[PDB]
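Computed from the coordinates by the stated procedures, all read-outs in this text should not be read as laboratory data. Because the Cβ atoms are built from the backbone with ideal geometry, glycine has one as well, and the counts that use them run over all protein chains shown.
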Amino acid sequence: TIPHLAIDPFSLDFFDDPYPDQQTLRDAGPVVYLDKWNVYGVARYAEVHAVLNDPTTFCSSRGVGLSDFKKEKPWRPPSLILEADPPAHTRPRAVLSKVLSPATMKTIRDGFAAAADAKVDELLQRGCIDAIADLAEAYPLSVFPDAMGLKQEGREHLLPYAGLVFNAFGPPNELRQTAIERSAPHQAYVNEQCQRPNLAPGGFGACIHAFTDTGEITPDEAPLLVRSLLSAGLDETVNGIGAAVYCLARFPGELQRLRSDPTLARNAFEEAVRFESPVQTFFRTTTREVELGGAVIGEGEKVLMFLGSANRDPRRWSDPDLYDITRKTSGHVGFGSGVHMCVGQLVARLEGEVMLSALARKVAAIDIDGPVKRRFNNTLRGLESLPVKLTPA
Ligand code: HEM
Ligand SMILES: COc1ccc(C(=O)O)cc1
């Protein structure tokens with residue numbers, strides 16, 4: 001009943017061009033079996049959306065990577081929120097939703113917008129820049145570590161740790177093992193900055209510690225919650241912004257539209273999050289024998305969700321290979337869906353929007369003048385290098 005496919009969704013051949021293999025996964029059926037790693041796969045929007053919204057059947061406490069925590073020791077102490085299920089997940093989730101609240105976005109927006117404007121001015125002075133290192137990477141590193149109250153020393157560990165977290169969700173390929181080996185320095189730095197005395201007052205980290213008084217979390221849970229904001233929220237926004245810049249380059253007509261109405265910047269970034277989907281895959285583990293789309297999945301089985309393919313499903317999207325800044329992107333699963341939907345989606349959209357706002361008002365054209373290099377990760381899709389030339393507006 002269930003087709004078995006030999007496609008390796010975590011291979012370098014897959015990462016370089018996943019879209020043909022993704023149609024093959026969608027068209028093979030609503031549930032595929034992937035012999036390479038002995039997991040179930042779902043690639044259509046309908047089934048990816050259904051598993052994300054059935055947390056009781058498709059749990060997260062047994063890991064959201066390939067590894068089954070009930071079977072193997074996790075490479076690090078499990079996340080208090082991403083790798084938890086209700087009710088254990090509920091009160092840590094409420095804390096992060098209040099720390100990263102709409103009320104919190106008002107205190108940082110003008111600081112995040114001003115730094116996005118100054119960065120674009122800075123790169124327009126240099127003309128030919130690397131949109132990844134000098135823009136996609138440079139900007140969020142100039143606002144987010146400060147917004148969390150991180151000290152200046154050691155910030156070079158942040159990106160290496162971020163890419164390690166997402167490589168570790170993957171299978172035991174050499175991408176994951178090279179990242180886990182010699183990961184001790186980044187782990188040591190991140191763990192120490194989780195302690196309250198190292199978090200500047202007013203930042204995200206100190207705010208999370210301030211929530212121990214409420215009875216929502218205890219003091220010993222606070223550092224691990226801080227760890228989530230140092231593991232997630234950097235590498236996804238970098239790839240997300242680098243994709244938007246890449247899209248504006250390959251679709252110059254969309255850049256001219258954003259230039260004519262810069263209030264499209266927030267949706268221009270949202271459509272870029274659907275179009276590229278920086279987080280490409282996440283896992284769930286079955287707690288039951290479940291009937292999924294006419295296909296029976298047993299207990300304790302890993303189910304791989306293809307979020308990027310679900311965002312390009314022609315059964316759900318009109319012309320999904322097209323970048324449309326005016327597309328009604330509502331319902332995409334780049335940020336997830338349900339009880340685990342990104343808790344930091346407001347920070348990402350804010351970072352993305354103010355950058356695309358700055359570009360819309362200062363740049364006339366964005367032209368690629370150099371070899372584009374892909375960045376390879378077990379979980380993230382994004383560019384390694386995007387040589388661009390910016391023409392001032
Ligand atoms: C382009 C930007 C981003 C993308 C594409 C993205 C993607 C995702 C996705 C798909 C999930 C769901 C995981 C699951 O259901 O298993 C998630 C959860 C999460 N994200 Fe994001 N994210 C982004 C930005 C951020 C930011 C800015 C932060 C923090 C400041 C953040 C922190 C988190 C956390 C803590 C969770 C776990 C929430 C939970 O388990 O309830 N992410 N993210
Ligand atoms: C979606 O990416 C992540 C990665 C790590 C965590 C976490 O540390 O809880 C959450 C989300």
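Side notes on the structure shown:
- Largest to smallest principal axis extent of the C-alpha atoms in the chain, angstrom: 58, 50, 37
- From most to least packed by mean Cβ count within 10 Å, the peptides 337-349, 110-122 give 337-349, 110-122.
- Most mobile listed residue (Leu225, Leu356, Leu12) in the chain, GNM with C-alpha springs under 10 Å: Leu12
- Farthest towards the positive end of the charge dipole of the chain, among the residues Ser60, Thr281, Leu229, is the Cα of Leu229, using unit charges on the Cβ of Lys, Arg, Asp and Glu.
- Summary of packing: across the peptides 13-23, 275-285, the per-residue average of other C-beta atoms within 10 Å ranks them, highest first, as 275-285, 13-23.
- For segment 4-392, the dipole from Cβ point charges (+1 on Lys and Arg, -1 on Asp and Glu) about the Cα centre works out to 540 debye, to the nearest 20.
- Ranked by the mean number of other Cβ atoms within 10 Å of their residues, highest first, the peptides 159-171, 83-95 come out as 159-171, 83-95.
- Among the listed pairs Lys119/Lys389; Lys71/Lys302; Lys119/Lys362; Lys73/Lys302; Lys119/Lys151; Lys70/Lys302, those beyond 18 Å (Cα-Cα): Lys119/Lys151
- Considering only the Cα atoms of segment 1-127, their convex hull presents on average a projected area of 12.7 nm².
- The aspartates and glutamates whose alpha-carbon is closer than 15 Å to the alpha-carbon of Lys106, local same-chain residues fewer than 8 away aside, are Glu351, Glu353.
- Rg/Rg_ref, segment 268-335, where Rg_ref = 2.2 N^0.38 Å and atoms are Cα: 1.32
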